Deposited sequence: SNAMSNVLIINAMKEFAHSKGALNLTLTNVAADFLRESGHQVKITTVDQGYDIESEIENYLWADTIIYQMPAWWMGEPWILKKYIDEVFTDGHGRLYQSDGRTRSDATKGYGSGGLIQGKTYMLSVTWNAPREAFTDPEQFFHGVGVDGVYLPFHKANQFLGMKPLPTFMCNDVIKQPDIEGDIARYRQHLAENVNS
């Protein structure tokens, strides 16, 4: 009886999309997790969705995996729409309040403590842009760049698993390597 996992595939078609790495990684995770004993559901955001069904998917899942391309430093708009609908419309089930009862306690009013979430992101940026203190992101790391997305999930009470990132996906593609790496990441972080 391994955990229930919801994979949210936030792939977004783009005029200059070089391939289908997000679909590939979504299916790699689904296969890996099913082979290892989990029940798995997949939401493909760009196909549309019934908001209430998605809230019920969160309630059913023990772990949520967000598979997404980086668009302008964060999630594609379709995924922000998904969370602005799903999280908001889950009031009373995903979260109760901001947790205050007035200067302390903000973010402690979630209802789904015990559930975990993980970011799996595809970027053309080189890994160094995130870690070298003299570069664009001033060394805050991928998790610093995704801070608000992390905090939206944590407001619900969830805790994160380590982030998986593919870099230079346009200028230095490496699909077979990404797949092999991602399976190792899932073993280390979801199955431990």
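TODO: Point out each run of deposited residues with no C-alpha coordinates, keeping the order of the sequence.
DONE: Those parts of the chain that were deposited but carry no coordinates are 1 to 2, 104 to 106.
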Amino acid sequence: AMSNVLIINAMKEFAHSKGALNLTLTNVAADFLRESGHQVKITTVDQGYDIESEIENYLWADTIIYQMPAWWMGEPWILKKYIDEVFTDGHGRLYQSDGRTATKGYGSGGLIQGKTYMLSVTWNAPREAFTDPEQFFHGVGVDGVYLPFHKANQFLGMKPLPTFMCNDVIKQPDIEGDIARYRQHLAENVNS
From here on, numbers count along this sequence of modelled residues.
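TODO: Report the stretch with the higher mean CA temperature factor, choosing between 114 to 122 and 92 to 100 on the basis of the entry.
DONE: Higher mean C-alpha B-factor in the PDB entry: 92 to 100.
Task: Which of 103 to 111 and 69 to 77 has higher mean CA B factor, as the PDB entry lists it - done: Higher mean C-alpha B-factor in the PDB entry: 103 to 111.
- [ ] For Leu161, return the chain-relative third of its C-alpha B-factor as stated in the PDB record: lowest, middle or highest.
- [x] Middle third.
TODO: Place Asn167 in the lowest, middle or highest third of its chain's C-alpha B-factors, as listed in the PDB entry.
DONE: According to the entry, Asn167 has a C-alpha B-factor in the chain's highest third.
Open item on the list: What third of the chain does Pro133 rank in for C-alpha temperature factor, lowest, middle or highest?
Closed with: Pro133: CA B-factor falls in the highest third of its chain.
- [ ] Compare the C-alpha B factor of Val145 with those of the other modelled residues in its chain, then answer lowest, middle or highest third.
- [x] According to the entry, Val145 has a C-alpha B-factor in the chain's lowest third.
Task: Ranked C-alpha temperature factor of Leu186 among modelled chain residues, by third - done: For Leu186, whose C-alpha B-factor we compare with every modelled residue in the chain, the answer is the middle third.
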